[PDB]
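Form deposited in one PDB entry, single chain, as structure tokens, below.
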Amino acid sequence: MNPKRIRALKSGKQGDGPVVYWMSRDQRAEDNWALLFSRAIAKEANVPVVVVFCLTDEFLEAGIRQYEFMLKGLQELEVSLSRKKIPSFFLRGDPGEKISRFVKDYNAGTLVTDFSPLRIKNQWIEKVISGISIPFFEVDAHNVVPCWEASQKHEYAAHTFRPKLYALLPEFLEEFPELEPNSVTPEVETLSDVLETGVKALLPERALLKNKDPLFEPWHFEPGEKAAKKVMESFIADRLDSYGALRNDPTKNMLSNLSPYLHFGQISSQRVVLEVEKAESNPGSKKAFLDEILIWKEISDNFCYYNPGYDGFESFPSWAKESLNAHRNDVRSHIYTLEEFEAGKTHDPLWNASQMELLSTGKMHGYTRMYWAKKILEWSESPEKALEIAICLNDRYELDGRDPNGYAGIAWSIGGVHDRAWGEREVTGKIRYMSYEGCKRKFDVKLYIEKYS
């Protein structure tokens, strides 16, 4: 086990109780560096391990589509962790008040959590640190290369972060050891009841159409660790050979569809990369997929980790802030409100059909995710309003929302983060522009619109 994956958040006197794993971002039992590191520490202290998840008060800021997908994967996770004599405890409330209470009530010896560069996770760590006296560690179980190890600063481009990650791949890209079960079983409600009351609280804000029927379709992505692997195997055997040539065509189902499992941590990217590297296929398709799950996925964590204002206008590059400021007073072609963007009531049918795919499936195609956010910048009163509208609609309706990938993907489309300067236009400035005629020359836009009426 590599010691460069674990960081120390607070020193203190070790207790004589079970080692607590505060699971948050990585909700899986297999291939979860934070969970094996909690097991070896407890094996060294002659004590068992205990998994603790917190059902926060911010679950209503999203929708039912994310509340059911996450909880249904935990019901499978609770059954999974029990076979290895690893009990799980699901607390409801503020993590700062619940984790600090569980540590004192259960006489915890060492607290361990997974890594997440989001601001809400740093808020929980600050309150938890102030209420505990036991050692507190964090382990990067989401990236193949630890976020603090791949680079010591913010990388402004993908071509300057690529040789750093690939140079550290031979050391960190490795096979996972088997999770050892607890020697003996050690010494706050059912997840079905917490799902029934939570869905009841989210029902008045459900996404409906005019016929009062729900818009979300839950049969597109089944949640769980078992379903995550079956999607990975189907992509390797059916979709990866044609990925490099059909990844920018939204009319084809050629993407791996692993982001709802990668966001909630139901499948490990290191596990997918290991299966991808050992699969024989198109080298241009393998290179394109690894560039998406290794470079662009972990550079998003690098963005949110080294930029406190990753969701603001101040984190944009200097050339983009100067260009957007010189094109702010430009008369926009159209100005729609957040409700018109949410209901897909724009003059552009491609943007509306893209929004409908987001409303109905919860996972908009990767190429249309570019056109969807850039048109928000073109049809907003300011770049800041375009940031607020894009983030709100992205985090509310996307299954993989509230993730550093979306914040870095939105900052690319509006602020040009990890991009370069293009031809200067009005309103948008030197930000890369995607037109409706350009997408017609790339894929059948009529088929993508007719599919999402």
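Numbering starts at 1 and runs along the sequence shown. Take the two forms, find the largest set of C-alpha atoms that superpose within 1.5 Å, and that set is the rigid core.
Just so it is clear, the following notes concern the form deposited in another entry, a form of the same protein that is not shown.
Just one of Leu195, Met254, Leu350, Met232 moves its Cα by 2 Å or more between this form and the one not shown on a rigid core overlay, and this residue is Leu195. Taking 2 Å as the criterion, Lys212 counts as shifted between this form and the one not shown: its C-alpha moves by at least this amount when the rigid core is aligned. The Cα position of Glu384 differs by less than 2 Å between this form and the one not shown after fitting on the rigid core. Comparing the forms between this form and the one not shown on their rigid core, the Cα displacement of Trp422 stays under 2 Å.
If you compare C-alpha positions, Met356 and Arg206 are 3 angstroms or more farther apart in the other entry than in the form on display. Whereas the shown form places them at one spacing, the Cα atoms of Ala207 and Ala353 lie at least 3 Å farther apart in the other entry.
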